[PDB]
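Engineer:
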Amino acid sequence: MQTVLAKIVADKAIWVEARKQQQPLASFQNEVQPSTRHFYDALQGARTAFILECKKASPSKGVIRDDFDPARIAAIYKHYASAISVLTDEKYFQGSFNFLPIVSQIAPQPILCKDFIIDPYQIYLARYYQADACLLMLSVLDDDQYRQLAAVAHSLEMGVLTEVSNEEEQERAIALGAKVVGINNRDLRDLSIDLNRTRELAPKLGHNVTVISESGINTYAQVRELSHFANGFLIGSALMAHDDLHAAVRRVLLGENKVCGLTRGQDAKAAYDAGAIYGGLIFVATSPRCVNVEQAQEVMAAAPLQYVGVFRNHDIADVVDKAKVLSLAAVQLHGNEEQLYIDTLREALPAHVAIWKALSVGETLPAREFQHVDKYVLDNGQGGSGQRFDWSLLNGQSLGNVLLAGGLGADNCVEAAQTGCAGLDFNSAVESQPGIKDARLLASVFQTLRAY
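Okay, so the sequence shown: first residue is 81 according to my numbering, each after it adds one.
#1: Leaving out the 5 sequence neighbours to the left and right, which residues in its chain are closer than 6 Å to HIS414 when beta-carbon positions are compared?
#2: Can you tell me whether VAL373 is helix, strand or coil according to DSSP?
#3: Nearest CA to the CA of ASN311: which residue from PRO283, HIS322 and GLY296?
#4: Can you name the residues that DSSP bridges to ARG269?
#5: To the nearest angstrom, how far is the alpha carbon of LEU522 from that of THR424?
#6: Taking contact to mean 3 or more Cβ pairs, one atom from each stretch, closer than 8 Å, check whether the segment 295–314 and the segment 458–466 are in contact.
#7: Tell me where the beta strand (DSSP E) around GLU427 begins and ends.
#8: Which residue marks the beginning of the beta strand (DSSP E) containing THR290, and which one marks its end?
#9: If we ignore side chains and look at the alpha-carbon of each, how far apart do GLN250 and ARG152 end up?
#10: Could you name the residues of the same chain whose beta carbon sits closer than 7 Å to that of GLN346, not counting the 5 residues immediately before and after it, in chain order?
#11: Here's the rule I'm using: 16 or more other beta-carbon atoms within 10 Å means buried, otherwise exposed. How should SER407 be labelled?
#12: Terminal residues of the continuous beta strand (DSSP E) containing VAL400?
#13: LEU439 lies in the beta strand (DSSP E); which residues open and close that run?
#14: Expressed to the nearest angstrom, what Euclidean distance is found between the alpha-carbon atoms of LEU192 and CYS501?
#15: Counting C-beta neighbours from all protein chains within 10 Å, is the total for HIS394 16 or more, i.e. buried, or is it exposed?
#16: For the segment 446–503, list the alpha helix (DSSP H) runs that are entirely contained and at least 4 residues long, ordered along the chain.
#17: Counting only the same chain and skipping the five closest in sequence on each side, list residues whose C-beta sits under 6 Å from that of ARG145.
#18: When the Cα of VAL329 is compared with those of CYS134, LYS455 and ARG520, which residue comes out closest?
#19: Output needed for residue 537: all residues of its chain with C-beta closer than 7 Å, excluding positions within five of it in sequence on either side, in chain order.
#20: Would DSSP call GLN412 helix, strand or coil?
#21: If you pair each beta-carbon of the segment 220–227 with each one of the segment 118–135, do three or more pairs fall below 8 Å?
#22: With burial defined as no fewer than 16 other Cβ atoms inside 10 Å of the residue's Cβ, what is the status of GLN109: buried or exposed?
#23: Pop quiz: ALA122 and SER162 are said to be a contact at Cβ under 8 Å. What is the actual Cβ separation, rounded to whole angstroms?
#24: Pull up the distance between the alpha-carbon of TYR157 and that of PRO181, whole angstroms please.
#25: In the structure shown, what three-state DSSP assignment does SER115 receive?
#26: Please state the DSSP three-state secondary structure of residue 80.
#27: Using three-state DSSP, classify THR528 as helix, strand or coil.
#28: Please state if the CB of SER440 and the CB of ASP454 are separated by a distance shorter than 8 Å.
#29: Taking the C-alpha atoms as reference points, what is the distance between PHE119 and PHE177?
#30: Hey, out of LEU167, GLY442 and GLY142, whose CA is closest to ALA154's CA?
#31: What residues are listed by DSSP as bridge partners for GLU243?
#32: Leaving out the 5 sequence neighbours to the left and right, which residues in its chain are closer than 7 Å to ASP267 when beta-carbon positions are compared?
#33: Quick check on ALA318: buried or exposed, where buried means 16 or more other Cβ atoms within 10 Å of its Cβ?
#34: Which residue wins for smallest C-alpha separation from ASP401, given the options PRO384, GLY239, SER184 and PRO430?
#35: State the DSSP-derived secondary structure class of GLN225, mapped to helix, strand or coil.
#36: Can you give me the Cβ contacts of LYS349 inside the same chain, cut-off strictly under 7 Å, excluding the 5 residues immediately before and after it?
Written out as structure tokens, the structure is:
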């Protein structure tokens, strides 16, 4: 039997041979000029770097994005990427060499041609289509084909992402002198994914090599953890599978953050611009930050956040109503709603609306045993217009559906982002007056969230 990789590469040869027939090298070689972008350079840097990928389908998921427009992807990715990867394999990824120029005209970063490069012709063609870098894979190439292909890339001032998938490959990489090595956590021979590839292999690479971790990277917590192993990430599926690209991006690069207690549209805008995923609207009568339906409608129209309505032991009918009318993405139960309520509520709310549960942490952490609860908000509660719970308490728990809250602000956002939760919930600490958000405090916390 043939692995999946062998099969893709056998098909690539056939694609290569036909393409040369249709566009012989002799017909354009002379006009191919070197790249004017600096791949190697954009990946070097203080900060962890991101190569965001434009991919329509994959061999292990099929069509990932029906909804496929390179130009529009490029338009969003440019606000956050260090480099942009564009798949050009047609058959298994549904990419095209024609997408390169499109992406290149819109985004200014170096553009990486992602494909199964087995013949120098592919490299000239990529350069011809504006690519500034190409992927070379040690699982497909022997040491002499690699030198040759890499010399060809370098001759066109293009950078190379040298891909390895195992220990033997990683050794060869050191030996061949690759400046940018990408650890592929997915093994294309059998489609299996294992982040440990990165954990075990990245450190041997050494300070002189820029190490990029590829595949299977879906959360901000995974990004914070792995950034101690690698200098950057190549991410694509996790983003492509989402309608809202901006949101998907920020979710992985910054976490699922929420800015709670919004009472003005400008603040919601401010939050959105800074990178927040969620905006909280507080329907608890008691709150100085409370809003009514009209006022909510106003806040909401200023920015495309995902709004969360905050209730406290509120009447179900009304909770449902506000959900329908405001088009809330979620409802956050901040009182003492027990399972029966959750269940009924669940039964009554439209299925697209999520249910979140807020819980207060004393000397001990409450349990998160509820059925029908999609997310939890842990805090030193009863609102507090105040200041923090014992974070050491979080160790030993699964935190993938937990948002951390309580006293979160500029001055402590670093530590908070390091606890390992899914996201952070900001409220009072980023305010100038209750319900009034300080745009500068906001920009400040979100800036910290990316400082890694």
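Just so it is clear, CB atoms sit at the ideal spot from N, CA and C, and this is done for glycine as well.
Structural biologist: Considering the structure as presented:
#1: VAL390, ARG392 and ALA438
#2: Note: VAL373 maps to helix in three-state DSSP.
#3: Comparing Cα positions, the closest option is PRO283.
#4: In the DSSP output, where bridge partners are listed per residue, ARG269 has none listed.
#5: 37 Å
#6: no
#7: It is not in any beta strand (DSSP E) - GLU427 instead sits in the alpha helix (DSSP H) that spans 419–428.
#8: 290–294
#9: Rounded to the nearest angstrom, the two C-alpha atoms are 36 Å apart.
#10: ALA382
#11: So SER407 ends up on the exposed side.
#12: Segment 396–406 is the alpha helix (DSSP H) holding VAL400; no beta strand (DSSP E) there.
#13: 434–440
#14: 32 Å
#15: Per the 10 Å Cβ criterion, buried.
#16: 493–497
#17: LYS136 and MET320
#18: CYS134
#19: Shown here, the chain extends from 81 to 532; a query on residue 537 therefore has no answer.
#20: strand
#21: no
#22: Label assigned to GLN109: exposed.
#23: 5 Å
#24: 15 Å
#25: coil
#26: For residue 80 there is no data in the structure shown, the boundaries of the chain being 81 and 532.
#27: Here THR528 sits in helix by DSSP.
#28: no
#29: 18 Å
#30: Cα-wise, what sits closest to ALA154 is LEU167.
#31: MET217 and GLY262
#32: So the qualifying residues of the chain are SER245.
#33: A residue is called buried when at least 16 other Cβ atoms come within 10 angstroms of its Cβ; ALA318 meets this threshold and is buried.
#34: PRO430 is the residue among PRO384, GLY239, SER184 and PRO430 whose C-alpha sits nearest the C-alpha of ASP401.
#35: helix
#36: Correct list, in chain order: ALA382 and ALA383.
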